[PDB]
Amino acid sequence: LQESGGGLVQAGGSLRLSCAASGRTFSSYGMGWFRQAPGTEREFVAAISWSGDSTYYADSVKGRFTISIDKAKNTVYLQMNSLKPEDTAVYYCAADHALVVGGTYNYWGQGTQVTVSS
């Protein structure tokens, strides 16, 4: 897993995150973006079915973020708009059951940091 595209952005702005999976390990799976900041629990952000035919969004990002997928290159994208300081966190790509199975999930990566100034 290659998670990239994060960084510093001004409130109101946009960033596009990328999650490249160099294996067939995840193609049976729906894919999700999750996020965690110091002091808070790891939370769900958005998910997309393996087809791309279905998407799910956490209420706090619905209407501002879009998740999408490129199957030919095994990559998941999170397009973030109207970014809020509330959105500052490390963002992680994972199968969309990653939080469901909890401590047995074996593929959490380092993620990509997103900081939204105010």
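Start at 1 with the first residue shown and count on from there.
Student: Hey, which bit's got the bigger mean C-alpha B factor in the entry, 6 to 14 or 21 to 29?
Tutor: Looking at the recorded C-alpha B-factors, 21 to 29 comes out higher on average.
Student: Out of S68, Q36, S51, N81, which residue has the highest Cα temperature factor in the PDB record?
Tutor: The record points to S51.
Student: For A72, return the chain-relative third of its C-alpha B-factor as stated in the PDB record: lowest, middle or highest.
Tutor: Ranked within chain, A72 CA B lands in the highest tercile.
Student: Could you look up the Cα B-factor of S118 in the entry and say which third of the chain it sits in: lowest, middle or highest?
Tutor: Tercile = highest for this residue's CA B-factor.
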